[PDB]
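Okay, so here's just one chain, in structure tokens, the form deposited in one PDB entry.
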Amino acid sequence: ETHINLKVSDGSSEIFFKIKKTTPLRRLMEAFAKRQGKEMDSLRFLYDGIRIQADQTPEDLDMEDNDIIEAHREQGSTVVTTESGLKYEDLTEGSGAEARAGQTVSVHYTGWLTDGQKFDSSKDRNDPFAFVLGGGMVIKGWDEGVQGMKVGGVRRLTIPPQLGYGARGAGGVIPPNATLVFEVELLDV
């Protein structure tokens, strides 16, 4: 009928929007940006690999129900896979001091399963998280993945289970053999 359901993915989670096919996608982009506490200028929305302009409507773009829009936060994106199998991507490259093994770094983070279900966030507690980098106090993917970040940076870590909670998983919310996705913002080193 008159309306269309669109999925918007940012590489970490996915949420749906229902809008009129004749409504300009600006409102969707605004609702997505305001939800993630981000400025509209800082986001790029892509459909069929082509960047969406806010004046364009789903009808203009011949969108179908349950089509996917990608929201990107970075400058060409680069996903690095290290020798351990850890994957990381700098969404924002910081410009302050560099985090190295042995330093106590303070961060905000959100963690999701690879299906998009959030399992924890320091932002939910309104409380930054600090740890000794390389100190064996966090999962291996974090001791490796946070090194090299600079203050002000946001880095997305994709952690295979052997660098996370392994075959066992953790508690009630981390399943066995789970790959973990974290977005980590370095606040202080």
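Each form is matched to the other, and the largest set of C-alpha atoms that superpose within 1.5 Å is called the rigid core. Note that residue numbering follows the sequence shown and begins at 1. Only residues modelled in both forms are compared.
Trainee: Checking the other compared PDB entries, only those that cover the residues flanking it, does residue 74 lack coordinates in at least one third?
Mentor: Yes, left without coordinates in at least a third.
Trainee: How many residues sit between residue 104 and residue 105 in the deposited sequence but have no coordinates: none, 1 to 3, 4 to 9, or 10 or more?
Mentor: Going from residue 104 to residue 105, the model skips no residues of the deposited sequence.
Trainee: Mean Cα B factor from the PDB record: higher for 119-127, or higher for 22-30?
Mentor: Taking the mean B-factor of the alpha carbons in each, 22-30 is higher.
Trainee: Comparing 47-55 with 144-152, which has the greater mean CA B-factor as deposited?
Mentor: Per the PDB entry, the higher value belongs to 47-55.
Trainee: Looking at 40, 132, 159, 139, which has the highest CA B-factor as recorded?
Mentor: Out of 40, 132, 159, 139, the record gives the largest C-alpha B-factor to 40.
Trainee: State the tercile, meaning the lowest, middle or highest third, of residue 185 with respect to the CA B-factors recorded for its chain.
Mentor: For residue 185, the deposited C-alpha B-factor lands in the lowest third.
Trainee: Going by the recorded CA B-factors, say which third of the chain residue 110 sits in, lowest, middle or highest.
Mentor: Its C-alpha B-factor, which the entry lists for residue 110, ranks in the lowest third among residues of this chain.
Trainee: C-alpha B factor of residue 75, ranked within the chain: lowest, middle or highest third?
Mentor: Highest third, going by the recorded CA B-factors of the chain.
What comes next is about the form deposited in another entry, which is not displayed.
Trainee: Superposing on the core, which single option in 157, 139, 154, 69 has a CA shift of 2 Å or more between this form and the one not shown?
Mentor: So the only displaced C-alpha belongs to 69.
Trainee: Fitting the rigid core first, would the Cα of residue 35 be found 2 Å or more away between this form and the one not shown?
Mentor: Yes, the C-alpha position differs by at least 2 Å between this form and the one not shown.
Trainee: By the 2 angstroms cut-off, has the C-alpha of residue 51 moved between this form and the one not shown once the rigid core is superposed?
Mentor: The answer is yes, as the C-alpha of residue 51 shifts between this form and the one not shown by 2 Å or more after core alignment.
Trainee: Determine whether the C-alpha of residue 184 shifts by 2 Å or more between this form and the one not shown once the rigid core is superposed.
Mentor: It does not reach a 2 Å shift.
Trainee: I want to verify one pair: residue 108 and residue 11. Are their C-alpha atoms nearer or more distant in that other deposited form compared with the form I supplied, knowing the change is 3 Å or more?
Mentor: Compared with the form shown here, the C-alpha atoms of residue 108 and residue 11 sit farther apart in that other deposited form, by 3 Å or more.
Trainee: With a change of at least 3 Å, which way does the C-alpha separation between residue 119 and residue 38 go in that other deposited form: closer or farther?
Mentor: They are closer; the C-alpha distance drops by 3 Å or more in that other deposited form.
Trainee: Core-aligned, C-alpha shift of at least 2 Å, runs of at least 3 residues: can you list them between this form and the one not shown?
Mentor: Three-plus residue run displaced between this form and the one not shown: 1-75, uniquely.
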